[PDB]
Each structure stands twice: as structure tokens, then as C-alpha cells.
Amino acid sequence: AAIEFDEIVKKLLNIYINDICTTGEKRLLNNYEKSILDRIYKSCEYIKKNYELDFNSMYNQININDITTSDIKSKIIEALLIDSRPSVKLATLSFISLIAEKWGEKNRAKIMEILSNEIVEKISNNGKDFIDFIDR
């Protein structure tokens, strides 16, 4: 039979519905949450753009095949261990954001197992100070 398009449909569906969940989640935010989320997009894009080269050199150390999943996290979380400043959080988030952008053929889960749990907890710690740093 004609099967040579089966994997294309699989890939596009997973992308499609994932984008639809995201839209469903954004829709259930109030305007304040939307304005904060908008600020996070723009902040990280600024940092990713102005530190394009710096991130590429950091991305190469993390990209090689040797690292375990915890080893990536422990490298990223090291900055947050001693330095809990909100800007350090924002840079960390922007770097995580850049890694996600380059892993568009890897599994989404592979990216989420870097961010979620420990790392996002440490960013959310004193979230009020983080939000205030971002919203001005």
C-alpha cells in the first residue's frame, strides 16, 4: 500500500494538537496573566537575540552526546543555586528557551524533562520579585 506519508501525518498531528492545547491554556488566562506571559516572550527574545553568540557557545557544551539528563539540569541549575537574582532566572529561562528552539526534531518531552520539576521550582521561588523585575 501507499505508506510513505504515514510518518508525516503522525508528526504534523502531534505538532497540531500540542499547539491547540497551548491555545486553550492561553485562552483561560486573565488579562494580567496574558500581560505577564507577553513580557516573558519579549524579554527572552531580547536576551536570545543580543546574546546570540554567547548562547551558541553554551549550547555546544550542552549538545554533545555524553551528557545525561540530570547533567544538563545540574549545569543550568548551578547558576540558580548560588545566584537567585531574577535576571539570572531570566537568562536561564532564555537559554532554556533557545535549547527548545533548536530541538524541533527531538521529542518535546526531552526538552520538558530539562525545564520541569526542579528548575522551574527554583525560578518560581519568590515569583513576585521575578514578576516585578519583568513587568518594569
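When you see a residue number, it is the position in the sequence shown, counting from 1.
Look at the C-alpha B-factors of 99-107 and of 34-42. On average they run higher in 99-107. In this entry, 77-85 shows the higher mean Cα temperature factor of the pair 77-85 and 23-31. In the deposited entry, the Cα temperature factor of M58 places it in the highest third of its chain's modelled residues. Looking at the C-alpha B-factors along this chain, the one for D135 belongs to the highest third. Among all modelled residues in this chain, the alpha-carbon of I67 has a temperature factor (C-alpha) in the highest third.
Per-chain ranking of the deposited C-alpha B factor places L115 in the highest third. Among the modelled residues of the chain, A2 sits in the middle third by CA temperature factor in this PDB entry.
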